[PDB]
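A short write-up of the structure that comes next.
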Amino acid sequence: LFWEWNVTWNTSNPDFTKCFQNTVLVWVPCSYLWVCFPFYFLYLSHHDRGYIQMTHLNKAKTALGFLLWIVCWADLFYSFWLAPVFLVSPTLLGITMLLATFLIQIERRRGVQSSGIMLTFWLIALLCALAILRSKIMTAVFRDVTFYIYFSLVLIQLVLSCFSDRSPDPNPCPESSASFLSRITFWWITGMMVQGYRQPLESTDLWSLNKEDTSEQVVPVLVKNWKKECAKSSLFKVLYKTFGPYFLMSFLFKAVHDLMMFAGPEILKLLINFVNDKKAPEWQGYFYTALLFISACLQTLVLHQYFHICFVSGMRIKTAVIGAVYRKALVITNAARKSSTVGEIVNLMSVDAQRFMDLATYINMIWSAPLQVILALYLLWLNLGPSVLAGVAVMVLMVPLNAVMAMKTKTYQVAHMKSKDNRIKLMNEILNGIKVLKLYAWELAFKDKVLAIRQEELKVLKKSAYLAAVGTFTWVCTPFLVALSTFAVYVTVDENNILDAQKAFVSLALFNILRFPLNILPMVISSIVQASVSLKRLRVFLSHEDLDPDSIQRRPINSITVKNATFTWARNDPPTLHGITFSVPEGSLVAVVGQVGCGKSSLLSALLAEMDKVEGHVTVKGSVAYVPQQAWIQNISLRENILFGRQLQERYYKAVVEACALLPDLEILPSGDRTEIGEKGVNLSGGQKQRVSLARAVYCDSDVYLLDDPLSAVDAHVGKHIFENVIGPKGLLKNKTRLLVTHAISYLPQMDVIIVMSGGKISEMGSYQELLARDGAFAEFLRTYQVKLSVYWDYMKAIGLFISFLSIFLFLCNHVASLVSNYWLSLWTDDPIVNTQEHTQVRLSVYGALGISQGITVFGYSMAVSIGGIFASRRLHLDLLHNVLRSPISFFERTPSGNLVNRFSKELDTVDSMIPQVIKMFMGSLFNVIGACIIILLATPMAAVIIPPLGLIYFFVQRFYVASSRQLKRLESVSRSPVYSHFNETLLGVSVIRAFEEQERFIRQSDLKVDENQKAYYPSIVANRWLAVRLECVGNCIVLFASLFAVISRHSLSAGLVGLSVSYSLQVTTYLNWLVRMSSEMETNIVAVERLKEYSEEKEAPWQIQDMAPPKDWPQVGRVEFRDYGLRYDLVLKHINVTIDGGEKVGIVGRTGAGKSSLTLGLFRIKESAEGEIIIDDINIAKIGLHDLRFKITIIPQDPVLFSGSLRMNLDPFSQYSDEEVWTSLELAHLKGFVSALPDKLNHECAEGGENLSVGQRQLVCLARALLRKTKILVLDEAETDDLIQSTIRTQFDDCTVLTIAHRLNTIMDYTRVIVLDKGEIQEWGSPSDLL
Ligand SMILES: CCCCC/C=C\C\C=C/C=C\C=C/[C@@H](SC[C@H](NC(=O)CC[C@H](N)C(=O)O)C(=O)NCC(=O)O)[C@@H](O)CCCC(=O)O
């Protein structure tokens, strides 16, 4: 009377036995709350949130828990008033009920608004009660009424448990306040999604993070663990175990998900067996159908809990890594600073942290993928037998083959990356010197130079396309690669074996499962190798030696005290300052004096605890303001540069700004002091950078100032003014202890104390007059001296219509072939079993041929698609480059250089890497979903009525997801860049920050910048889970209906038709979610194509008109004639009617604001003539093509910008002039001695802008360019080597006509026929003799 099959599996009324009802159905819920409870105290204790108040809901639940216990014990009372189960079961139920009410009580105490255990437990109890209820109502007072009361109370308790209790910024994330049901299905983001449909998302209306995802909590925890280990020993992975306890729930969730996923094919086997057998009740089939849907729903909920936990752990890992690296960068010693690069360190933060999030999502595969394949193997084995091994051998041949590919893809990126940077380093060199480049027609040469690098880069992309082809091939047809071999061996080995519907289709479903773990595991292994590579970098960085923090005694308010102190720049390097001793009293001006490399700047570095103190005692008293030699400028506005995170005082600020003589600099700058100075914003001259640095130090109002050569780049008058109003005894810092490093004698007599040193050693310090009287070292020193479809059509044109249509045809052929192969397997399964099947050889051969066609087609579209991607990228980059180069300088000056150089990099990276792969994934998923839907209706046509409900809801999520995700996927991208770009700045001014003691402010700044990025990132990773849960639920509904419609119509179809319909239904779930994701990725990445075709409407005079082309000797004499010239800019140039005769030296004089320089722009047609007819000799300029005239006229600009490469490519990019001409021109440019000195001869590799070369040399190289050009018309733009360049321009260019715009009248006096420009008009036209 406990368990039989007659009343439970062979009867049309599926009733449970009486004993089963009273034993197992009651042991399930009571025992469910018994194994988790002891484990629930762990969570309830470790995690606390206060206590919830006394509410009616909490009490209602507690009172019903008391009554429920009574009712269950009331049964024991009546039993006490024969059957053994009538004693233990009621008491056990009462006791577990007493545990339930105690649990809601303690959950109130521990502050859990919504409970998961107190919901699943009631759900399980309800289902058990429902089963007994149905049985008890089918049986029909004494003990039944107690059960009805129990069931009603349990139902009301379950309904109550759904509501969220009262709680223990104006925009907190609803993560914490959401109930259990909302947390399971991620419903709390729905509003944020739906708002994303009408109200465009902004960084302000974004949620704030939780307390578990903020830098202030995640970073100090990892820092403490890192400190504990170092002192304990310093290994690293040991520390990452801290994330383990949280990451541990991922283990349980993945373990549950694996079994839940494998419960699918078993139910499919049961269903196929049911359809095969005629003598079976319909309720049996309905049971399997409902069980499959329940299993799928539990699987998806568990999987998306696992994924969310895994993603949150990775985000925390990134946050902790960023925080730890930033906090360490402020403490590492000098040698460690130089051990890396301000560049590599930033790249370490940018790459290692991202790799950790990238790894986290699939690190669990190392233990899950093996189980997800091994368990399938055993299921396949018991289904088929030994023939499985012959299949798995192919699986063996798949892992290494797939791994080597993942090995190649790992390395090819490197060969691509170094090729990309080499391009992007060159493009800036083009963009910085665009005017000089387009002054004498270097557009083509540099275009070809860039295109060569582009081709070298595209070779690697072609190789990566060939690799990704095999990768996709394996991913797509690994299931069938296994299936064909396994079925062939199974049929061939033995004649007696019969392949029915259940074997073939359950094995096919199992292979569909095997597909994922097989092809993800090598990718996980490669990612682990990369992460372990990055771990070594993080180890060697975090383990760096921090500089002694107490080396310098910083006593709060004899001002500076040094006795017998020797300092080093490294532990093993020799001392730089040997045995220094000096006492600087309060409010005294001390000047450090020495030669180059003496040790002056080292003294100020040592007073800031930047040098490594090998011995001594330093007692700097009070706050220190450091003015470094190399000025550190924050990208913030000039006002905040001077303020330096300090309260603004209008009177003090306005006293500081002009005392540094920053008023003219404020005037020239556009926005004044609100202008964005720094590398990214407006560039500033060195002297201006010094003034701002000094102004910042003066505003900081310290007592001790360390001025490491503040007046190096300021002019003599500006320097004297600054010293008078700032550093001098009658300036701003009169009472401040100033210690200045100088090599200028002009202010030395005003200094109170002069510390003169030699070779890092104190050498007879003293006051100026006393030192002069002593006549020693100081005397010697003094004596020394919604995307539109048009974008998609444009991209498909860029690929090429033939390639695009061929790729589309090959997908259709691949997917039709796969569908036909599966249908053929379905026909094979249900064949006359005439003892076995006789079509075996024929059907096996046909199935093999279809699969070979499938594989050949798959490798086909990828190759076409992948090659089409390369073709489109090549054409897009070429078009962009041609449009930019042909564009006038007005674009360059109007559009920011940063925005333009963004597309030359990010857009090309997107088109080169992301777009083709996303198209492949999107179209593969779309065709798989369409094919599965097609098969569903082929097997069950009545499933068409299920389309409208799903097709509506699928329409909504698809409409709600992409409209919102594109915002977040953008909001994150624009927010992660300010993080690293901040760190770089912090890395440039570590010494300044430590001197001002502003570590904490920058720590908070970095924490805030990381938190903003996380705020942008977390909603996206929750939107992924939201979308996936919705679409997986849709897929589970479609599997439910597809199985149900086969069950109801099992007398018209075959288990094979069922086997195929349900098997494809199981595939629909994992493909709908990826289809919508890939639609989102397409709608986000295809905008890059629009950004690339933006400059399509490139606009300058067509080069080489070839219709009015001039003769070879166009400047026959060089007769220039400005005939009523007017230059628009309202008119800078106006009423210009001048004539410069051939071979007549002519200069242009004028003040700032005149049309002097603009006149040169007129000669080279930089700006089109608003009204003018400039004619050289007998030919109009406006008619001639640009290149022609730009080649026949030469210019020596203000600052010659030398381009990266060899000197010969600088002189002659086209290599048109012979080597003898280059040598002669270089000799004639007073450069033969220097140019012969480089070991590379003419191939000297000059860096960006010729940093290695001096300014004089670069000027002479530009003169050499002009001389090598050998043209009759030459223009000069004048600002030490002036004597040399002036003599050289006066030496052999007397034959040629030279215009000269000089800000100095001394040189212009030599040139006859001076033209003076007052405000664009010709004020005077005649020789300098007539001028005076
Ligand atoms: C892509 C292969 C090359 C191209 C092949 C051509 C066409 C293939 C057809 C369909 C494409 C996609 C199929 C399934 C997704 S499936 C998405 C993936 N897997 C799961 O959803 C986990 C479920 C799985 N069954 C398991 O074992 O847990 C995942 O981790 N999602 C995380 C998230 O939600 O963000 C995988 O591609 C994701 C892996 C992508 C990757 O890391 O390269």
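For this structure, a couple of remarks:
- Number of the condition not met by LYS254 [criteria: (1) among the basic types (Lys, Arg); (2) part of a helix (DSSP H, G or I); (3) surrounded by fewer than 20 Cβ atoms within 10 Å (Cβ to Cβ)]: (3)
- The set of residues from the range 1271-1322 being more than 52 Å from the chain's Cα centre (by Cα) and of a type in the set (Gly, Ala, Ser) comprises just one member, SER1287.
- One residue from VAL1022, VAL1068, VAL1034 being in a helix (DSSP H, G or I), within 14 Å of the ligand (Cβ to nearest atom) and assigned by TED's automatic domain parsing to the domain that holds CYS297: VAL1022
- Inter-residue pairs, beta-carbon under 6 Å, first outside any helix (DSSP H, G or I) and in the range 359-386, second within 11 Å of the ligand (Cβ to nearest atom), 6+ apart: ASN364/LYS254
- Residue identified as away from the ligand (no atom under 13 Å from the Cβ) and either polar (S, T, N, Q) or within 25 Å of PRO916 (Cα to Cα) (or both) among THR472, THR478, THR492: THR492
- Considering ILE520, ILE513, the condition of being under 43 Å from the mean Cα position of the chain (by Cα), more than 23 Å from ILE267 (Cα to Cα) and within 16 Å of the ligand (Cβ to nearest atom) is satisfied by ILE520 alone.
- Hey, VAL141 surrounded by fewer than 18 Cβ atoms within 10 Å (Cβ to Cβ), among the aliphatic types (A, V, I, L, M) and not in a helix (DSSP H, G or I) or not: yes
- Look at (1) assigned to a helix (DSSP H, G or I); (2) away from the ligand (no atom under 16 Å from the Cβ); (3) more than 25 Å from the chain's Cα centre (by Cα) and you find that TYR440 fails only one, number (1).
- Check on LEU303, assigned to a helix (DSSP H, G or I) and more than 13 Å from the ligand (Cβ to nearest atom): no
- Residue selected from the range 921-940 under the condition within 16 Å of the ligand (Cβ to nearest atom) and among the β-branched types (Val, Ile, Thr), by the criterion surrounded by the most Cβ atoms within 10 Å (Cβ to Cβ): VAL929
- Of the residues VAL392, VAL414, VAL388, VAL404, the single one that is of a type in the set (A, V, I, L, M), away from the ligand (no atom under 16 Å from the Cβ), loosely packed, with under 15 Cβ neighbours inside 10 Å and closer than 22 Å to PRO517 by Cβ is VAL404.
- The lone exception for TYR954 - which of (1) surrounded by fewer than 15 Cβ atoms within 10 Å (Cβ to Cβ); (2) over 30 Å from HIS416 (Cα atoms) it fails: (1)
- Count of the range 74-111 residues, restricted to those that are surrounded by 20 or more Cβ atoms within 10 Å (Cβ to Cβ) and farther than 15 Å from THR62 by Cα, is 4.
- Taking the listed residues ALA74, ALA83, the one that is closer than 17 Å to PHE147 by Cβ and part of a loop (DSSP other than H, G, I, E, B) is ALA83, with no other qualifying.
- Within the option set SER161, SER176, being of a type in the set (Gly, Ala, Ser) and either in a helix (DSSP H, G or I) or under 27 Å from the mean Cα position of the chain (by Cα) (or both) holds for one residue only, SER161.
- A single member of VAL929, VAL901, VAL945 is assigned to a helix (DSSP H, G or I) and closer than 22 Å to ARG1091 by Cβ, and it is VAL901.
- Out of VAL1261, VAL1201, one residue alone is over 30 Å from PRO1111 (Cβ atoms), among the β-branched types (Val, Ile, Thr) and not in a helix (DSSP H, G or I). It is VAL1201.
- Applying the criterion of being surrounded by 18 or more Cβ atoms within 10 Å (Cβ to Cβ) and assigned to a loop (DSSP other than H, G, I, E, B) to the residues of the range 1205-1254, the residue that is nearest to the chain's Cα centre (by Cα) is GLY1250.
- Within the range 846-873, being among the hydroxyl-bearing types (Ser, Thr, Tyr) and closer than 22 Å to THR478 by Cβ holds for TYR847, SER853, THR857, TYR861, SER862, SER866.
- Of the candidates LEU382, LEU359, the single residue that is in contact with a helix residue (DSSP H, G or I) (Cβ under 8 Å, 6 or more places away or on another chain) and not hydroxyl-bearing (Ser, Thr, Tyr) is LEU359.
- Taken over the range 1125-1152, the criterion of being within 24 Å of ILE889 (Cβ to Cβ) and over 54 Å from the mean Cα position of the chain (by Cα) is satisfied by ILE1136 alone.
Basis: the model, the stated rules and, where named, an outside source; no laboratory instrument gave them. No Cβ is skipped: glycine too gets one built from the backbone with ideal geometry, and neighbour counts run over all protein chains shown.
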